[PDB]
Every structure is written in structure tokens, then in C-alpha cells.
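There are 4 protein chains.
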Amino acid sequence: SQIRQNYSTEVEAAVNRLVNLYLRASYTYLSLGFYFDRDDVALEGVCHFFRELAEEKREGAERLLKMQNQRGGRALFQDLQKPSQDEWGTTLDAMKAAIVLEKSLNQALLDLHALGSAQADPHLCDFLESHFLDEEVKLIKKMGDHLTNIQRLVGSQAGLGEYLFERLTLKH
Amino acid sequence: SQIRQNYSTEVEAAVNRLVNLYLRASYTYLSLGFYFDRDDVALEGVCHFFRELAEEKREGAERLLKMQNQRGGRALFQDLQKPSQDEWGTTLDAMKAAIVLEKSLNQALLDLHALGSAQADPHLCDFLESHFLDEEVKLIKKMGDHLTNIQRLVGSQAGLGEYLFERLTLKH
Amino acid sequence: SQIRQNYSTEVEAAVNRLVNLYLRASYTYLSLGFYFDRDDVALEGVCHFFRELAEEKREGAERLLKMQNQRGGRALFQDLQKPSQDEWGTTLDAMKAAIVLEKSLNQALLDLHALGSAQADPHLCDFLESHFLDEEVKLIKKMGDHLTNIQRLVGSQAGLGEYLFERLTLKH
Amino acid sequence: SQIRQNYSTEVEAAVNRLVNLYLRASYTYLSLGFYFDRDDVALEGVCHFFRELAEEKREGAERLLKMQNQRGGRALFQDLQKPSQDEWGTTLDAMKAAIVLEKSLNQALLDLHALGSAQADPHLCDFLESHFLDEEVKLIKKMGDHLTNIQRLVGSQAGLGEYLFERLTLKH
Ligand SMILES: [Pd+2]
Ligand SMILES: [Pd+2]
Ligand SMILES: [Pd+2]
Ligand SMILES: [Pd+2]
Ligand SMILES: [Pd+2]
Ligand SMILES: [Pd+2]
Ligand SMILES: [Pd+2]
Ligand SMILES: [Pd+2]
Ligand SMILES: [Pd+2]
Ligand SMILES: [Pd+2]
Ligand SMILES: [Pd+2]
Ligand SMILES: [Pd+2]
Ligand SMILES: [Pd+2]
Ligand SMILES: [Pd+2]
Ligand SMILES: [Pd+2]
Ligand SMILES: [Pd+2]
Ligand SMILES: [Pd+2]
Ligand SMILES: [Pd+2]
Ligand SMILES: [Pd+2]
Ligand SMILES: [Pd+2]
Ligand SMILES: [Pd+2]
Ligand SMILES: [Pd+2]
Ligand SMILES: [Pd+2]
Ligand SMILES: [Pd+2]
Ligand SMILES: [Pd+2]
Ligand SMILES: [Pd+2]
Ligand SMILES: [Pd+2]
Ligand SMILES: [Pd+2]
Ligand SMILES: [Pd+2]
Ligand SMILES: [Pd+2]
Ligand SMILES: [Pd+2]
Ligand SMILES: [Pd+2]
Ligand SMILES: [Pd+2]
Ligand SMILES: [Pd+2]
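Chains as they are written, first to last, in full-length UniProt numbering: chain A, 3 to 174; chain B, 3 to 174; chain C, 3 to 174; chain D, 3 to 174.
Right under this line is the structure:
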């Protein structure tokens with residue numbers, strides 16, 4: 003009703019879904035974090051790497067909402083799906099689930115930049131690049147590096163490898 | 003399987019529900035915060051009072067989970083219901099919805115302390131008192147005080163009252 | 003004649019017009035500022051909010067010219083139209099005239115980014131995004147917020163509302 | 003004979019036994035500490051983690067006695083049973099014996115809070131909660147976490163695992 007200019011309804015709706023994907027990502031990381039803090043799991047380095055993660059993904063969603071408000075859009079919130087798992091297995095399984103997760107957020111950012119361009123919205127561009135696409139590429143680089151390291155501490159000594167990985171790379 | 007001692011399954015389950023109630027409260031406050039930041043609402047003092055709120059309720063849920071982990075319990079997460087409203091009306095409506103909200107969290111804390119006592123769990127007691135019941139009583143006091151003030155800037159000059167309330171009590 | 007590379011004549015000309023639109027905006031804000039400093043208007047908070055404004059819009063035009071020089075373009079200056087009004091009415095009227103003004107600058111920035119893309123000029127992109135489109139979106143957000151507040155101090159007590167708005171939001 | 007008020011003889015006696023259980027725990031940890039300092043055992047990280055332990059359990063017993071004096075009770079001391087073992091085996095065996103030990107102290111604290119409530123002694127409550135039950139829950143969490151880690155450095159490489167555990171988690 004007042005400051006909205008060159009901010010289409012389809013972008014608005016896609017921004018709304020992206021906030022939902024970020025908060026769900028936040029929620030996943032929170033679950034991942036408390037899982038590795040369990041007394042029969044107990045890997046503190048892995049718990050805080052995920053905490054953290056949950057914060058980043060939560061700041062992602064906040065940065066989006068505020069942007070949405072800046073353009074005269076309207077935040078609409080939906081239910082947050084619970085994380086896809088209750089137990090997360092080993093640091094390896096967990097780090098796979100995170101990369102799957104960040105890859106899908108990256109894809110959603112790309113699907114939305116492709117919408118920005120097709121909607122003559124050069125400023126969204128721009129906001130997504132300067133603020134999201136970059137972090138996302140670095141992060142996925144960092145997780146891939148971790149995965150490569152866990153995978154090399156592979157076999158036949160799974161317990162020792164996780165212990166050392168968590169002691170020597172994750173802690174903190 | 004290891005450190006769990008005098009931590010019943012019913013307490014575990016009730017702790018799980020309480021984390022869910024706290025995160026839903028967090029989510030509500032996030033919605034409330036971005037609502038008052040809209041360009042056709044624009045009350046910054048009210049937006050940050052809610053931000054804040056969302057943090058506190060999120061720290062509440064974290065303090066519970068960590069406790070749950072300390073006792074050898076197991077965090078179980080469920081879907082988070084979206085906030086009960088998409089638009090929150092005036093500062094008055096919003097501050098009513100918050101008190102309704104904090105009252106129901108307080109009741110859930112009480113229902114759980116009544117379970118702690120009936121489950122011979124003197125330590126939960128204790129954790130809930132030293133950490134939750136108190137904040138909750140102060141907070142509800144602070145909101146009631148606000149409500150009494152908004153209600154006195156009542157009629158016939160609604161716009162002026164909200165402006166002054168937000169300038170003189172809420173900002174910041 | 004020397005460093006110019008991938009800088010079309012149509013972009014040059016549009017950059018020239020945009021500098022003119024920015025300086026005219028500067029001039030408008032200068033008039034707005036001295037108006038509210040008149041002894042029969044006398045609202046100091048509103049005078050310096052506009053001063054300020056005039057500076058920003060003047061830095062906008064300078065940033066454009068220097069860019070134009072960097073690309074080997076040639077600054078061409080035209081007459082500056084006097085502001086559209088000699089008296090600016092109330093803070094409300096004035097804040098409407100400013101938003102109309104900043105909206106039209108934003109549109110001109112967009113018309114020029116659409117030209118940058120259609121002229122295979124990825125660097126202008128880029129310069130406009132990193133430096134102009136963003137400030138413009140924040141600013142229009144800030145003015146819209148003001149307008150919403152003035153409009154809520156609406157009726158029947160116009161004098162009191164402006165006084166309080168200027169005391170409690172604009173000052174300084 | 004003077005300040006004693008609402009402090010039953012059965013509580014007095016149970017407090018006396020609890021001091022004895024704490025000092026015996028202190029004594030156990032002292033033995034555990036000097037065992038791992040033996041030249042054919044030689045694990046310094048494990049020796050100081052137990053020293054420490056012995057101090058905490060000794061401060062536990064002191065905090066109880068002083069409380070007992072505050073209420074007008076009378077400290078009665080009994081013989082201290084020697085620790086249940088002369089050699090403590092591996093860090094794993096030792097960390098099992100400690101958890102068994104702290105669990106039984108926790109149970110005794112609970113048996114005594116159940117006595118406090120059944121003796122209309124709201125202040126003991128209270129003293130046990132604010133000062134003992136909590137430390138005990140954290141500590142058992144910390145030991146369980148250790149055990150889970152030792153158990154994962156399990157097989158077939160017992161020597162390496164203890165060395166690394168002691169180097170990377172216990173030291174110091
Ligand atoms: Pd609007
Ligand atoms: Pd943790
Ligand atoms: Pd950490
Ligand atoms: Pd952690
Ligand atoms: Pd941490
Ligand atoms: Pd933006
Ligand atoms: Pd882009
Ligand atoms: Pd671009
Ligand atoms: Pd860290
Ligand atoms: Pd367990
Ligand atoms: Pd805000
Ligand atoms: Pd604030
Ligand atoms: Pd705010
Ligand atoms: Pd704020
Ligand atoms: Pd606890
Ligand atoms: Pd209690
Ligand atoms: Pd109590
Ligand atoms: Pd604040
Ligand atoms: Pd040249
Ligand atoms: Pd002035
Ligand atoms: Pd000023
Ligand atoms: Pd001024
Ligand atoms: Pd000034
Ligand atoms: Pd440039
Ligand atoms: Pd661009
Ligand atoms: Pd200023
Ligand atoms: Pd006495
Ligand atoms: Pd030693
Ligand atoms: Pd040590
Ligand atoms: Pd030592
Ligand atoms: Pd030492
Ligand atoms: Pd006492
Ligand atoms: Pd108690
Ligand atoms: Pd130490």
C-alpha cells in the first residue's frame with residue numbers, strides 16, 4: 003500500500019518459501035546439535051559446529067524477512083516441518099545430511115535469482131549475491147572438505163577416526 | 003542406556019512438549035516482530051521488544067534440551083505450528099496475544115512441576131524454579147504493566163497513544 | 003579517445019540525465035530544508051533531516067560523475083529546474099513530495115540498469131547495485147515509515163501531532 | 003540446646019551418613035589418582051582429573067557439616083572404609099567405578115530429599131538442590147560422555163586408545 007515498487011507477488015511468495023526453508027534448516031541443525039550432545043553419542047566438537055549453523059540459517063531467514071519488509075512485501079509464515087530424522091548416525095552421516103541440506107538451500111536461492119532476472123528486479127540480484135550465494139558456496143566448500151576428511155579416516159577403524167576427527171578438526 | 007537415573011518417560015515426554023511450546027512461542031514473536039516493522043505499521047520500539055522475546059523463548063527451549071541431555075533423556079522434535087495470526091492489529095492486540103501466550107507457557111511449566119513432584123524428581127524442581135518459573139512471573143508482570151499503560155492511553159485518540167507509548171515506553 | 007571500452011553513447015547520455023535528476027533532487031531538499039526553518043514554520047528536526055538528504059543526493063551525483071570519468075565517458079551538464087514548489091505545507095505534505103521524488107530516482111536507476119544489461123555492460127551493474135539501488139530502497143523504507151507515523155498522528159489534532167513527531171522522531 | 007528448629011534427629015543421622023559417603027568418595031578418588039601416577043601406569047591426565055574429584059567430594063562433605071552446624075545439628079564421624087580396590091585397571095575400568103560411585107552418592111542425596119519433604123523441612127530442600135543435586139547431575143553427564151569416548155576407542159587397539167584419550171581429552 004505505500005513504498006512497494008517493482009516487487010512482484012511471485013517474488014514475495016518465493017521469498018516467503020525461502021524463509022521457511024531457512025528456518026527448517028535452522029531446526030535441523032538444532033536437532034543435529036543436541037543429538038551429538040547425547041550421553042551415548044558425546045562428540046562436543048560436532049555439537050557446536052551445528053549450533054552455529056543453526057544461528058547462521060536463522061540469520062539467513064531474518065535477513066530475508068527484513069529485506070521483504072524493505073521492499074514493502076508482506077512476511078507470511080507457515081508450519082515448520084520437523085527435521086527429517088530423530089537420530090543422525092555418525093559424524094559422516096550427519097555431515098552428508100548437512101550438505102544435502104545446504105545444496106537444496108543453494109538451489110532455492112538460484113531458482114529465486116532466476117525469478118529476479120525474469121521479473122526485471124535488478125536489486126534482488128544483488129541482495130541475494132552480496133548476502134547469500136557466497137556464504138552458501140563457502141559453506142558447502144567447508145563441508146565437502148570435512149566429508150573428504152571423514153571419508154579418509156575410513157575403515158577399518160571407525161571409532162578412532164571419529165574421535166580424532168572431532169578432536170583434531172572440529173574442536174574448538 | 004548409561005547415566006539415566008530417576009528420569010521417567012512421562013517427564014521426558016513432557017519436556018519434549020515444553021521445548022515445542024517454547025519454539026512455537028519463539029516463532030510467534032518473530033512474526034510479531036516483523037509485522038510491526040512493515041511499512042504500513044512501522045513501530046520500531048515494538049518490533050525490538052519482540053525480537054528478544056523470540057531470543058528468550060529460543061534460550062528457554064535450548065536450556066530445556068540441554069537439561070534433557072544431562073539427565074540421559076532423548077530430545078524428540080515435532081513440527082512447529084505457524085503463529086496463530088498473520089496480522090497482529092494494534093500494539094494493544096499484540097500485547098494481549100503475548101500475555102495469553104506467556105500465561106499458557108507458565109501453566110505448562112506448572113503442569114510439569116506437578117509431574118516432577120508426583121514422580122519423586124526433586125532435581126527437576128529445582129531446575130524449573132531456578133531457571134524458568136521466575137523469569138515467567140517477571141515477564142508477565144512487565145507485560146501486564148504495558149497493557150495497563152496502553153489501556154490508559156485509550157480513547158478517543160488511538161493513533162496518538164500508540165505513537166506515544168512506543169516513543170516513551172518501548173524505544174530503546 | 004583512450005581508455006573507453008564497452009561504454010556506449012546511450013549509457014553515457016542516461017548517466018548524464020541521472021546526474022541531473024540527482025542534483026535537481028539535491029536542490030529540492032535544500033528548498034525543503036530552508037522552508038521548515040522559516041520563522042512561521044519553525045520545525046528544526048525537519049530542516050536537518052532534509053539537509054542531509056541534500057548532501058546524499060549531491061554525493062549520488064558526484065559518485066555518478068566520477069564513474070562516468072572512470073569509464074572514459076564525458077560529463078555533460080544541463081540547467082537545473084527549480085524545485086516543484088516554493089512552499090511545502092506540512093511535514094506530511096513534505097514527506098509525500100520526498101517519496102514521490104525518491105521513487106522517481108529509483109525508477110530512473112532501474113531504467114538505466116535495464117539499459118546496462120541490454121548493452122552487455124556487466125560492470126555498470128554492479129556499480130548501480132553496490133552503490134545506489136540499495137540506499138534508495140532503505141531510504142524509501144525510512145520515509146514510508148515516517149509517513150505511516152505522521153498519518154497516525156492524524157486528526158483532529160494536526161498541530162500537536164507535527165510538534166510531537168518532530169520532537170520525538172525527527173530531532174536529533 | 004539453642005538454635006535448633008525443625009531439624010529432626012533422622013535428618014541429622016542421614017546427614018552424618020552422607021558426610022561419611024562423601025569422604026569415602028574423596029578417599030576413593032585419592033587412591034584412583036595415585037594409582038594412575040604409578041610408573042607402570044603413568045597417565046598424568048587421568049591422575050589430575052581424579053585429584054580434583056577428591057577435592058570436590060571433600061568440599062561436598064564440608065558443605066554438609068557446616069550446614070549441619072547451622073541448623074544446630076551435631077556432626078558425628080565414623081570410620082572411613084578403604085576404597086573398594088587397590089588396583090584400578092584401565093582408564094575405562096576406573097571411569098566405570100567412578101560413575102557407580104557418583105550414582106550411589108546421587109541416590110543418597112535423593113533418599114535424603116525424600117526424607118526432608120516427609121519431615122516438613124522445606125529449607126534442607128533447597129540446600130540440597132541449590133548445592134548438590136545439580137553438580138551431581140552435571141558430573142555424571144561428564145563421566146558418561148568420557149565413558150562413551152573410551153568405549154569408542156575400543157578394540158583392537160587398547161593401548162593407543164587410552165594414550166590418545168588421555169592426551170586429547172584428559173590433559174590439562
Ligand atoms: Pd506499503
Ligand atoms: Pd552441545
Ligand atoms: Pd563446539
Ligand atoms: Pd556444543
Ligand atoms: Pd560449544
Ligand atoms: Pd533489498
Ligand atoms: Pd544476480
Ligand atoms: Pd548482476
Ligand atoms: Pd566455534
Ligand atoms: Pd544413556
Ligand atoms: Pd524491526
Ligand atoms: Pd527495538
Ligand atoms: Pd526492531
Ligand atoms: Pd532494534
Ligand atoms: Pd538438571
Ligand atoms: Pd519445585
Ligand atoms: Pd522445592
Ligand atoms: Pd532492547
Ligand atoms: Pd579517452
Ligand atoms: Pd535549519
Ligand atoms: Pd536537524
Ligand atoms: Pd536544520
Ligand atoms: Pd541541524
Ligand atoms: Pd565503474
Ligand atoms: Pd545488476
Ligand atoms: Pd542528523
Ligand atoms: Pd543448640
Ligand atoms: Pd599425579
Ligand atoms: Pd592433571
Ligand atoms: Pd596428577
Ligand atoms: Pd596435575
Ligand atoms: Pd541450610
Ligand atoms: Pd527440593
Ligand atoms: Pd584440571
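Quick reminder that beta carbons are idealized off the backbone N, C-alpha and C, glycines included.
- In this structure, the alpha-carbon of residue 89 (chain C) lies about 54 Å from that of residue 137 (chain B).
- In this chain, the alpha helix (DSSP H) harbouring residue 32 (chain D) covers 11 to 37.
- When rounded, the separation of the alpha-carbon atoms in residue 64 (chain C) and residue 18 (chain C) is 11 Å.
- Considering only A:38, A:57 and A:58, the residue with the shortest C-alpha distance to residue 49 (chain A) is A:38.
- Non-local C-beta neighbours of residue 103 (chain A) in its own chain, meaning closer than 7 Å and more than five positions away in sequence, comprise 27 and 30, ordered along the chain.
- Using a C-beta cut-off of 8 Å, the segment 62 to 82 of chain A makes no contact with the segment 114 to 121 of chain A, since fewer than three inter-stretch Cβ pairs fall below that distance.
- Scanning its chain for C-beta atoms nearer than 8 Å, with the 5 sequence neighbours on each side dropped, one finds around residue 23 (chain C) the residues 106, 107 and 110, in chain order.
- Ranked by Cα distance from residue 170 (chain B), the first of B:71, B:85, B:83 and B:46 is B:46.
- For residue 82 (chain A), DSSP records a beta bridge to B:82.
- Taking CB atoms only, residue 96 (chain B) has no neighbour in chain C less than 8 Å away.
- Looking at the backbone, the Cα of residue 159 (chain C) and that of residue 51 (chain B) are separated by about 29 Å.
- Against chain B, the CB of residue 3 (chain A) has a partner CB under 8 Å away; the residue lies at that interface.
- Within the UniProt domain "Ferritin-like diiron" (7 to 156) of chain D, the residues whose Cβ lies closer than 7 Å to some Cβ of chain A are 143, 146, 147, 150, 151, 154, 155 and 156, listed in chain order.
- For the segment 147 to 171 of chain A, the full-length alpha helix (DSSP H) segments reaching 4 residues or more read 160 to 167 along the chain.
- Residue 33 (chain C) and residue 100 (chain C) have their C-alpha atoms some 12 Å from each other.
- Rounded to whole angstroms, the Cβ separation of residue 3 (chain A) and residue 123 (chain B) is 54 Å, and the two are not in contact under 8 Å.
- Taking 8 Å as the cut-off, the Cβ atoms of residue 14 (chain C) and residue 121 (chain C) do not count as close.
- By alpha-carbon distance to residue 97 (chain D), the top candidate from D:133, D:147, D:77 and D:66 is D:147.
- Under the DSSP assignment, residue 119 (chain D) falls in the alpha helix (DSSP H) whose first and last residues are 93 to 120.
- Closest in C-alpha terms to residue 85 (chain A), from the list B:80, B:85, B:87 and B:84, comes B:80.
- Per DSSP, residue 173 (chain A) lies in no alpha helix (DSSP H) segment and is marked neither H nor E.
- Chain order gives the chain B residues near residue 170 (chain C) as 169, where near means a beta carbon separation below 7 Å.
- Shown here for residue 150 (chain A): not one same chain residue has a beta carbon closer than 7 Å to its own, the five before and five after excluded.
- Burial is judged here by how many other beta carbons sit within 10 angstroms of a residue's own beta carbon; residue 5 (chain D) has fewer than 16 and is exposed.
- Counting only the Cα atoms, residue 69 (chain D) lies some 22 Å from residue 131 (chain B).
- Residue 72 (chain C) is classed as exposed because its beta carbon has fewer than 16 other beta carbons within 10 Å across all chains shown.
- According to the DSSP assignment, residue 43 (chain A) belongs to no alpha helix (DSSP H), since it is labelled neither H nor E.
- Taking C-beta atoms under 8 Å as the contact rule, residue 82 (chain B) and residue 166 (chain A) fail to qualify, at a distance of about 37 Å.
- With a cut-off of 7 Å, the C-beta of residue 131 (chain C) is classified as near ligand 25, since at least one heavy atom of the ligand falls inside that distance.
- Relative to ligand 11, the beta carbon of residue 46 (chain B) is positioned inside 7 Å of a heavy atom.
- Per DSSP, residue 130 (chain B) is one residue of the alpha helix (DSSP H) stretching across 126 to 130.
- Residue side-chain check: residue 127 (chain D) places its Cβ nearer than 7 Å to a non-hydrogen atom of ligand 17.
- Residue environment: residue 125 (chain B) is assigned as buried (16 or more neighbouring CB atoms within 10 Å of its CB, all protein chains considered).
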